[PDB]
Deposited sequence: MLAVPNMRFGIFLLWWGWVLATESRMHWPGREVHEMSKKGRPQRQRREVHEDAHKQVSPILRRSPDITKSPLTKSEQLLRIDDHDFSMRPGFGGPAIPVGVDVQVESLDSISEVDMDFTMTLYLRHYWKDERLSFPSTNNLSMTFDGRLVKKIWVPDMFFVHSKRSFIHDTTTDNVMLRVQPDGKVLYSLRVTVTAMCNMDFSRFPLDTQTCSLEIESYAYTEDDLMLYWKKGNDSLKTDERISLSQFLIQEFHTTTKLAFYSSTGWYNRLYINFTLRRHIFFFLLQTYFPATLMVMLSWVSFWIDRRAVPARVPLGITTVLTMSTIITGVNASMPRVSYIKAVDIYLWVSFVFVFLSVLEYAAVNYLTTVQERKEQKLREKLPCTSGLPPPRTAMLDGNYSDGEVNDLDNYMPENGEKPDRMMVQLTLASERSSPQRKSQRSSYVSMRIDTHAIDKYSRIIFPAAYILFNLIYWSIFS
């Protein structure tokens, strides 16, 4: 029996190696397999990875006439001591178990141990959509011991920045992923003490040109089209009025569609500001012709009893104001 070579019943495996003395160091390596999904409304992401641990335990040393190691499955875990790692700020996770539990244990003749498992985790990530669609987001995954303070267990990256590997075909449907790196920091709990915590960081970005073409282009085109009325004869009322009222209707339908396609985030964003400023511009264009028509009718009635100056001034004033607004807007939001 392979389990009789290790004196399982001759040791108490309820206690850590080296109990009573200096803390036992544990090394960690991580391989990211894929990103599964992201949720903007719930502000969280899902990931699948391999987790590996390294430490030494003299109690597991066995005699040998060569240098071959023994491999075990997950059934041996319950008979020995292993680190109790958990993910911080996580919402749900589980360990794969098809066709059997995805757990492996390797023991060297001198007592070195390797412990590996395959897991999926969902973690929180606070997001800010003030500068949408030009916004940038940063995420992290956290690992910590649940019951062991730094005085008993010392947690670190096995090989520094080289302990993190990522799959070559990791990608997201609506985001670009960049700048993976790792960090460490100490955490304090008033109940027990200080703990070591490991981090994995990365950054997310959007495709700008797609959003530009979908949103900014039609509004600008509609604003430019609203200016055509300034060059039509003021005596053609049945041409002048329905032009403006149909332009307002088109702008309203565009805004409603754009709202219907965006993530349901209930606070002001930059695109909304741009759209509503364009709406206000379209509205003022109709007000202008209203004034011009009333003034012309009053003058004709008074005379009874050429280009109007308002149109001549508007032809210059409206484009200049729109250009100034664009310049300020793109200086603020880059």
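- Counting from residue 1 of the deposited sequence, the stretches lacking C-alpha coordinates in this chain are 1-73, 379-450.
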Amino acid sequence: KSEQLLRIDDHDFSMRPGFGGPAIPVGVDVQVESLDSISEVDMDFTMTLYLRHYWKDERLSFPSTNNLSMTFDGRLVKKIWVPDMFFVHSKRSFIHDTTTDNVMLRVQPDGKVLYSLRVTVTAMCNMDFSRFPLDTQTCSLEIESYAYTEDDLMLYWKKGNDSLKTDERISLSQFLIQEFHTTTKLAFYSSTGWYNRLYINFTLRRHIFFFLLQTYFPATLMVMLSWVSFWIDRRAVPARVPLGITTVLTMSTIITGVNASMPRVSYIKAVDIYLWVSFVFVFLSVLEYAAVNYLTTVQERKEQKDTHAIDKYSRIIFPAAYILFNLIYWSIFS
From here on, numbers count along this sequence of modelled residues.
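Whichever C-alpha set is largest while still superposing within 1.5 Å between the two forms counts as the rigid core.
- Displacement analysis by core superposition in 9 other deposited structures of this protein ranks 218-226 above the other of 218-226 and 140-148 in root-mean-square C-alpha distance from the shown form.
- Averaged over structures and residues, the CA distance from the shown form in 9 other deposited structures of this protein after a core fit is larger for 234-242, of the two stretches 234-242 and 196-204.
- Missing-residue comparison: residue 56 falls in the unmodelled set for none of the other PDB entries checked, so it is not missing from a third of them.
- Residue 305, present in the displayed chain, goes without coordinates in a third or more of the other PDB entries compared that cover both sides of it.
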